[PDB]
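> This is the structure alone, sequence omitted:
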């Protein structure tokens, strides 16, 4: 099978760089804005993937962010006083850059 990006471009080397430190901003008691800086790449970025989970284990949630210009996402329904790990990496046509990890206690 041939997998394509959400934008339609075909997938499949100089990888994207790693994003800088993740910035977290609370929007209420259970909602969190996660922001980063677009990393450099010789090629066009297609977007980002954001994965997060409780540090102590739990279901891994994954979000695909299909705009290279979209460098933030708001996550909802988080558990107060629980610690999470977020990992963000940039995607190009040729593959994935390395992940930037950031952790936070809600």
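Alright, I've got the coordinates. Numbers count the residues shown, from 1 in each chain.
> hey, let's count contacts and neighbours off CA atoms from now on
OK.
> so which helix or strand takes in residue 88?
strand 83-92 (DSSP states H and E).
> Please identify the buried residues of that strand?
Under the neighbour-count criterion of 16 or more other CA atoms under 10 Å, strand 83-92 has 84-92 buried.
> just checking, what packs against that strand?
strand 45-54, strand 100-105 (3 or more CA pairs under 8 Å, 6 or more residues apart in numbering; DSSP states H and E).
> now those strands in JSON lines, with distance to residue 2 and mean neighbour count?
Below are those laid out as JSON lines (distance: least, CA to CA, whole Å; neighbours: other CA atoms under 10 Å):
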{"stretch": "strand 45-54", "distance to residue 2": "17", "mean neighbour count": "20"}
{"stretch": "strand 100-105", "distance to residue 2": "28", "mean neighbour count": "17"}
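> Quick check: which of these is nearest to residue 10?
strand 45-54 (10.8 Å; CA to CA).
> hmm, back to that, can you redo the helices and strands packed on strand 83-92 as a markdown table with distance to residue 24?
Shown next, in a markdown table, are these (distance: least, CA to CA, whole Å):
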| stretch | distance to residue 24 |
| --- | --- |
| strand 45-54 | 13 |
| strand 100-105 | 8 |
